[PDB]
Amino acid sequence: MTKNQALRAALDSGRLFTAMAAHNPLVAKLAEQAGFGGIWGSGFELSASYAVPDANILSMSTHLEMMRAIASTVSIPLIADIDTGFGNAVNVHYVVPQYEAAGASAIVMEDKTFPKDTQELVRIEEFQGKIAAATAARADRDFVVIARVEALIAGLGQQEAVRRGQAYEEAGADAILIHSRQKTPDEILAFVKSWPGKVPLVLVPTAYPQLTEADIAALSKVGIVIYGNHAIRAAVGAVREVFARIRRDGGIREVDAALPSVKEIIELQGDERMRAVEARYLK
């Protein structure tokens, strides 16, 4: 079963699929080993690892090559964040095939205008055209196109958010990712209740840690839950703490015992496989 079939099977079966953010292949491997359903190739986490704002500063190829390296490391589906498609429908058309060829099983594209000005969203018809270009360019029909509706964030209201969602589904979107920045999950939950479309919803509840997977499973219309930036946050917290301890203690004497050993990193690099290759082919 291909990774694309696996993703599709999850969406079609009604199971709740979980995806975790990853800013490099090692983190993606740890996510797979932890049991998540898929990897989220987050633009926010990649730009954060590079210490640059998440505002289309990183090159498209830096993200695309990272997607390729992650997909060649894990056996679970990869969902790629392609922001606004790096341009208009023509750019979308040329970019989607490269993400599919890099091994991603899905892309997430949002309806925000690019670049930011001093409208917040692109016209409904313009975005429908971008979604249609994405589904036209894919080679494997199992490849998934997810349209991200930013109407709530833009402060446009629930009625406009549902209208865009329905228009994107009409254009060929396989799932709709709806996002909220409200303090409470009231807004998001009201959208889910009102959602009239046939395709599944995708939530990124980073702003609402109180919404557990059990709470989300209770929402039959949601097919995917994404943990949007927890890997980079976990890494920053531990690195910052270990660096401060080394500088306070003037060394690694107290900190070494608590860290994973060098041998554990070498195993995560796939040393066992390398050992078999060396044993059978280094002659």
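All residue numbers are counted from 1 along the displayed sequence.
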Which class describes the count of deposited residues lacking coordinates between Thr118 and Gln119: none, 1 to 3, 4 to 9, or 10 or more?
4 to 9
Ranked by mean Cα B-factor in the entry, 164 to 172 and 109 to 117, top stretch is 109 to 117
Look up the CA B-factors in the entry and say which stretch, 140 to 148 or 119 to 127, has the higher mean.
119 to 127
Residue set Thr184, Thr135, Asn88, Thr73, per-entry CA B-factor max assigned to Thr184
With respect to the C-alpha temperature factors reported in the PDB entry, which of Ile216, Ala231, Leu64, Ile252 ranks highest?
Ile252
For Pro200, return the chain-relative third of its C-alpha B-factor as stated in the PDB record: lowest, middle or highest.
middle
Is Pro260 in the lowest, middle or highest third of its chain when residues are ranked by C-alpha B-factor?
middle
Cα B factor band for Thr84 (lowest, middle or highest third within the chain):
middle
Taking only the Cα B-factors deposited for this chain, tell me whether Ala19 sits in the lowest, middle or highest third.
lowest
Chain thirds of CA B-factor: placement of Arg245:
middle
